[PDB]
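Coordinates in review
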Amino acid sequence: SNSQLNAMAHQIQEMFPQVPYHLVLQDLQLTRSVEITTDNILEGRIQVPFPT
């Protein structure tokens, strides 16, 4: 029942394809605000696991 949260993360994935979609989905549970989630990414709230 988190279709809205999933959809919201889509816009962020579009703006910031550098970050993991699912980790964004998580922040959308945290803040439920893509405006925050995006700044959250920038704060280091959402870490980006590089290819390893």
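Residues numbered from 1 in each chain as written, not as in the entry; some residues may be left out. Heavy atoms only, no water.

**Considerations on the overall build of the protein**
The following threshold applies: Each helix is a run of DSSP H or I of at least 4 residues and each strand a run of E of at least 2, with the numbering of both proceeding from the N terminus. Computation of the radius of gyration draws on C-alpha atoms alone. For the globule rule, the value is 2.2 Å times the number of residues to the power 0.38.
Counting secondary structure elements, the protein contains three helices and zero strands. Element order for the protein, N to C, with α for helix and β for strand: α-α-α. In terms of C-alpha radius of gyration, the protein reaches 10 Å, essentially the compact-globule figure of 10 Å for 52 residues. Structurally, the protein occupies a C-alpha span of about 30 × 20 × 15 Å along its principal axes.

**What to know about the pattern of salt bridges**
Note that side chains of opposite charge can pair when their charged atoms are close. Stated precisely, the cut-off is as follows: Salt bridge, as applied in this entry: a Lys or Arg side-chain nitrogen positioned within 4 Å of an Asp or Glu carboxyl oxygen. The rule is simple: take the accessible area with a 1.4 Å probe, protein chains only, and divide by the maximum for that residue type; under 20% is buried, over 50% is exposed, in between is partly exposed.
Evaluated as defined, the whole model comprises one salt bridge. For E43, the salt bridge goes to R45, with nearest N and O atoms at 2.8 Å. Since its relative accessible area comes to 52%, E43 is described here as exposed. For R45, a relative accessible area of 54% translates into the label exposed.

In short, shape yes, function no, at least from these values alone.
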